[PDB]
Amino acid sequence: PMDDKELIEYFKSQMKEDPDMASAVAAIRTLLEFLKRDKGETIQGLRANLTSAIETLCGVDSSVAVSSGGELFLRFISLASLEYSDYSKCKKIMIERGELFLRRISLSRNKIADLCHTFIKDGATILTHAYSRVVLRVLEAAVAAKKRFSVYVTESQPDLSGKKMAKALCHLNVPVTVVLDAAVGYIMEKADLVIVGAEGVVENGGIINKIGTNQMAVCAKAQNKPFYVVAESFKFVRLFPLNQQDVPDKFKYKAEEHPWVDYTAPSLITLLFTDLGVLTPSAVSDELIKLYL
Amino acid sequence: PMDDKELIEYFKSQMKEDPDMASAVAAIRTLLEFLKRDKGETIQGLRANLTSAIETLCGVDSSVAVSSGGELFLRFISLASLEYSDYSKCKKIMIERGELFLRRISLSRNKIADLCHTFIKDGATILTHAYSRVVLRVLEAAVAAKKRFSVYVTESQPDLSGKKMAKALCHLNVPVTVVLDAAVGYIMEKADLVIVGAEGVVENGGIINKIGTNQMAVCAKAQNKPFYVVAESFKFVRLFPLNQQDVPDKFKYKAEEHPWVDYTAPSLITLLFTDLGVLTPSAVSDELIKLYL
Amino acid sequence: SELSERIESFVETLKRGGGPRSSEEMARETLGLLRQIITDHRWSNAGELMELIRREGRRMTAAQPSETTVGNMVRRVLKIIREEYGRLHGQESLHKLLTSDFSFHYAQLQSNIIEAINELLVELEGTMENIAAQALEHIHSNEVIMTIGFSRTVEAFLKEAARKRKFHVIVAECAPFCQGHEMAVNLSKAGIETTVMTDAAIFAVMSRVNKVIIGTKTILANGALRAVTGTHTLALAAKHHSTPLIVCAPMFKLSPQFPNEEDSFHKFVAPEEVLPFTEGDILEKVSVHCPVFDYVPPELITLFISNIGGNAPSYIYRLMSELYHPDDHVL
């Protein structure tokens with residue numbers, strides 16, 4: 001068995017050694033490493049230990065992507081155990097399938113970039129909210145295609161991630177402008193399309209993202225500008241927030257009143273760019289419906 | 001006659017000695033005092049000197065309210081010159097009319113508060129953008145009426161005046177909350193109505209305000225919440241911004257792209273609360289037309 | 001004491017139940033009562049007359065707040081008094097602020113007040129005729145109209161339009177007081193090819209309706225409406241389908257009040273209309289509410305048809321300035 005502490009430092013070192021890798025990928029890798037050395041005997045005990053480890057990891061990091069990866073890992077364990085009743089064969093199958101799944105989710109970002117970069121036109125203006133590695137990768141792909149465009153990025157007041165995004169874009173020789181969080185409605189008329197990341201894709205097709213995403217989406221809808229979201233597949237989670245208040249409190253806080261997370265309805269989203277392809281929001285639910293029988 | 005040092009020093013002293021004084025009121029008082037000490041005998045020369053002093057009064061404190069007050073003062077002197085025709089007779093009458101005008105505009109805050117405090121119900125949740133003394137007076141009047149309500153205020157990141165208004169409102173034992181400029185979309189569903197100030201009312205009935213007002217107006221329209229604006233009569237100006245880019249640059253900048261001002265269309269505004277009364281936006285143009293016929 | 005007993009009877013009728021069913025009858029009765037108050041009561045100055053009129057107007061408005069025509073007539077008479085006093089003696093705007101008194105006696109003021117009231121009554125007599133006369137400019141052949149409840153102005157509108165045009169009318173009954181049946185029968189007796197439906201079908205059939213013509217009980221300062229219950233849903237459906245919403249309302253239904261004022265806006269009646277008394281024990285634990293009026297925001301209204309013509313809601317404020325003095329809003 002792997003201790004709770006050992007799990008926490010494994011997660012933290014996995015994050016630290018590769019700053020470019022998302023939290024969900026590191027959580028999945030930590031869960032696979034935990035499963036690799038477990039010394040258990042029953043699939044019943046394995047699931048309990050796995051969900052306890054997922055609870056510990058969610059305690060360490062309150063991001064939605066971590067919980068989504070945990071749920072995906074649990075479904076993976078259930079699917080693998082469905083085929084094989086013997087525990088040893090199931091164990092080997094889970095290990096090899098986890099290795100393949102890890103490499104696939106590693107290639108996911110490049111797949112998204114290749115699928116997405118074609119939507120950026122020449123001379124267009126990009127509006128981005130905060131620091132997302134996926135939007136940075138798709139902008140890299142667009143630059144490699146010898147396309148010329150301008151980017152506006154907000155400052156993300158709680159932690160100035162937009163300034164980090166602007167520095168990274170300047171490293172790529174891209175004209176980028178930092179704008180205040182309160183000036184999106186002033187800048188939306190100059191942009192041609194809005195490309196933003198997501199920390200989690202909810203059942204109906206909406207997204208769970210940084211606190212300033214919902215107002216940017218509303219402003220884009222008011223001016224009829226396309227609103228594009230890039231997100232990986234392991235960020236799909238079976239949550240349905242009725243409104244902002246309905247979002248679970250474990251994702252808003254600990255990451256007067258300062259929530260770190262808001263929810264954007266699918267009606268304000270034009271297309272989602274995942275490694276599964278370019279999807280309408282209504283596709284996402286289908287995938288989840290296909291996953292749980 | 002003032003020599004570009006007595007004028008600016010007088011303006012700054014007027015603002016400093018009375019920190020509860022609007023910039024436009026201080027500018028109008030400075031212009032009236034300048035008119036008192038002229039030592040010239042010509043209406044054309046007086047108009048030229050006044051309109052030239054307008055630019056040097058707008059060099060410092062470049063807000064739209066100062067320009068609106070200057071335009072109103074010019075229209076006032078033109079109106080008086082129509083009636084009398086002897087600079088010698090007209091001088092005393094303009095002086096006395098300016099005295100009465102100052103006395104009248106000194107009561108605009110109280111008139112707006114008295115007219116507007118009846119729109120706040122018990123248990124309502126007010127949403128405010130930044131620090132404005134008119135909204136502060138309105139809330140003081142509402143408290144004096146024994147009404148109980150909550151208030152949310154944004155921090156107004158470029159200069160943290162939202163925290164200043166939060167302090168000034170906690171001084172009145174009003175339960176208030178401070179939210180980020182990016183949390184407006186998260187908070188709109190909790191608020192019952194939005195009250196914001198205005199730095200100037202444009203021809204069509206829209207408003208010119210701090211950079212974060214347009215997002216709140218759009219979000220309130222999306223959520224179908226009433227959006228109330230409180231502004232004094234002397235803030236009416238004959239400007240028509242077609243969009244955000246069309247507002248003059250002399251109002252955006254000087255207290256990578258940080259405008260201090262945005263424009264809100266009249267279609268997003270429910271009611272204007274002025275010392276002239278409670279008006280629809282379409283009323284404003286009417287008034288601003290009747291002045292120039 | 002005849003005037004005092006007339007005032008008491010009017011107040012009691014307002015409190016218990018509407019004697020004059022039509023709003024025009026209420027306006028005429030209020031104007032006649034105010035004329036008798038002006039004539040019979042002894043007053044020297046104009047200010048004492050104004051304060052007396054304010055006192056009886058306060059009593060009458062307190063009798064029944066929902067009936068706003070009485071207050072409208074009181075404020076119209078007050079503005080008439082102000083105008084006549086200004087004429088015989090010698091408007092908040094930027095022009096007035098830039099540019100820049102009672103208790104005086106004038107013997108001939110009373111005759112001017114009386115003749116102004118009389119001409120106001122004469123104008124009051126022919127409002128419905130004017131609205132019907134201009135009805136024909138808004139109905140085209142083979143149109144589909146929708147109406148809610150029963151309003152005499154709208155039925156006059158439709159019957160005048162039906163003499164030269166053929167069109168279909170759909171009337172939604174205004175539950176519980178299903179008075180739309182009476183209007184549908186009246187229009188069918190004129191061969192206007194009418195249809196009767198319940199409220200629930202409104203949004204079901206608005207997709208096939210060309211325009212909506214409705215009456216109202218009161219027009220507020222910002223252009224909002226106090227109408228029969230179910231009119232807000234009707235306006236919402238019309239806005240959803242972008243069908244124009246026409247309001248045929250005379251000028252005496254125009255009240256200088258604003259929506260958010262004491263929340264004594266709707267009128268609540270006995271829940272017997274909604275839930276009968278024969279239900280039994282459940283009535284002990286059930287809260288039944290039966291509002292009869294509804295608030296309609298001004299952005300859902302397309303046009304206002306009155307005896308002076310057609311207007312937009314955005315202009316309603318101006319019609320307030322020409323009818324009521326800003327110091328008579330509180331009354």
Taking the conditions exactly as written (under 22 Å from residue B:293 (Cα atoms) and in contact with a helix residue (DSSP H, G or I) (Cβ under 8 Å, 6 or more places away or on another chain)), does residue B:51 satisfy them or not?
yes
Flag if residue B:178 is outside the structural domain of residue B:72 (by CATH) and touching a helix residue (DSSP H, G or I) at 6+ places or on another chain (Cβ under 7 Å)
yes
Can you tell me which residue is farthest from the other protein chains (Cβ to nearest Cβ) among those in segment C:78-112 that are within 28 Å of residue B:94 (Cα to Cα) and polar (S, T, N, Q)?
C:91
Looking only at segment C:202-251, count how many residues are buried (at least 23 other Cβ atoms within 10 Å of the Cβ), part of a helix (DSSP H, G or I), among the aliphatic types (A, V, I, L, M) and away from chain B (no Cβ under 14 Å).
2
Residues being of a type in the set (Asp, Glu) and either closer than 30 Å to residue C:312 by Cβ or crowded, with 21+ Cβ neighbours inside 10 Å (or both) - total across segment B:244-283
3
Answer yes if at least one residue in segment A:235-244 is over 13 Å from residue A:208 (Cα atoms) and in the same structural domain as residue A:127 (by CATH), and no otherwise.
no
Can you confirm whether segment A:166-183 contains a residue that is within 24 Å of residue A:263 (Cα to Cα) and in a helix (DSSP H, G or I)?
no
Within segment C:254-289, residues closer than 14 Å to residue C:65 by Cα and not in a loop (DSSP other than H, G, I, E, B) come out as C:268
Restricting to segment C:160-207, give me the number of residues that are in contact with a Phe, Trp or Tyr (Cβ under 7 Å, 6 or more places away or on another chain) and closer than 18 Å to residue C:241 by Cα.
0
With criteria (1) away from chain B (no Cβ under 12 Å); (2) in contact with a helix residue (DSSP H, G or I) (Cβ under 7 Å, 6 or more places away or on another chain); (3) in a helix (DSSP H, G or I), residue C:314 comes up short on (1)
Inter-residue pairs, beta-carbon under 7 Å, first farther than 20 Å from residue B:270 by Cβ and in segment C:307-319, second of a type in the set (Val, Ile, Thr) and surrounded by 18 or more Cβ atoms within 10 Å (Cβ to Cβ), 6+ apart
C:307/C:127; C:307/C:131
Which of the residues spanning segment C:290-311 are assigned to a loop (DSSP other than H, G, I, E, B) and farther than 22 Å from residue C:232 by Cα?
C:307, C:308
Considering segment A:142-163 alone, what residues qualify as being of a type in the set (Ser, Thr, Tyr) and away from chain B (no Cβ under 11 Å)?
A:150, A:161
Any chance residue C:254 is away from chain B (no Cβ under 14 Å) and under 24 Å from residue C:122 (Cβ atoms)
yes
Pick from segment A:7-47 the residues that are of a type in the set (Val, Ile, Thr) and within 20 Å of the chain's Cα centre (by Cα): which of them is surrounded by the fewest Cβ atoms within 10 Å (Cβ to Cβ)?
A:25
Name the residue, out of C:303, C:323, C:283, that is more than 13 Å from every other protein chain (Cβ to nearest Cβ), in contact with a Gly (Cβ under 6 Å, 6 or more places away or on another chain) and at negative phi.
C:303
Which residue pairs have Cβ atoms under 6 Å apart, sit 6 or more places apart or on different chains, and have a first residue in segment B:182-193 that is farther than 18 Å from residue B:124 by Cβ and within 8 Å of another protein chain (Cβ to nearest Cβ) and a second that is of a type in the set (D, E, K, R) and part of a loop (DSSP other than H, G, I, E, B)?
B:182/A:181
With the structure loaded, tell me whether residue A:287 is assigned to a helix (DSSP H, G or I) and either within 22 Å of residue A:23 (Cβ to Cβ) or of a type in the set (S, T, N, Q) (or both) or whether it fails that test.
yes
So which residues in segment B:164-178 are within 11 Å of chain A (Cβ to nearest Cβ) and within 24 Å of the chain's Cα centre (by Cα), if there are any at all?
B:166, B:170, B:176, B:178
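Numbers and lists here come from the model and the stated rules, or from a named source; no laboratory instrument gave them. Quick reminder, even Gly has a Cβ in these numbers, built from the backbone with ideal geometry, and neighbours come from all protein chains shown.
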